[PDB]
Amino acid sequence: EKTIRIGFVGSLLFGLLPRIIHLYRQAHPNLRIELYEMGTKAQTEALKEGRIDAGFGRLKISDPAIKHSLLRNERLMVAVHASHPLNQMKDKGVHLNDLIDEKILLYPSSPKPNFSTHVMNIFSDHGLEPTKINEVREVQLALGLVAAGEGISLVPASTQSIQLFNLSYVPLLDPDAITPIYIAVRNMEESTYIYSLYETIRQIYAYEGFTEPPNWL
């Protein structure tokens, strides 16, 4: 009875993480896999304290006691109501500077830095100042509120797992309108079980046709 504990940001369950876990489980039938939802920031102390062994997060927070590998970047999209003018560009995409005067829903509401830190930074990076920002608890809430007419939201491509009536996802074309997925571990040599997790990630990414790959070590 050996155990690996994995922390993850909840919204990563809309992407490739469940496939990664499922394959990892098939490869390690004797392994107990414990899954703990937590924000990226929370994963730092969880790793240092040994409450988790690896953390899937959406940014890199530097702490000397942990280390990181960039798995991949997801494209950001603009979630809009179907009646919004922006939806006419659904098949071609828009840019950050098209969004400045819109009501933007940011998320999550957990301690900073979090997903939304980078979102605001990419605006600032090009001298853009969004004039109307609201923070909500998590992405699926933001999406439901967009469908209800509450504004727009910048969301990872993976959230297209959620399809709602009159909700549309519009591509964001700025090359830096992307959001990273990181794996974080203690700053020491990975265990055999963590190395196996890396290989499982590599395998799922190979199925998706991603190239790096990814990268790794």
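Just count from 1 along the sequence shown to find any residue number.
- For the pair 129 to 137 and 108 to 116, the record assigns the higher mean C-alpha temperature factor to 129 to 137.
- Stretches 185 to 193 and 31 to 39 differ in mean C-alpha B factor, with the higher average recorded for 31 to 39.
- When all modelled residues of the chain are sorted by CA temperature factor, residue 19 is found within the lowest third.
- For residue 71, the recorded CA temperature factor ranks within the lowest third of the chain's modelled residues.
- Per the PDB record, residue ranking by Cα B-factor puts residue 204 in the middle third of the chain.
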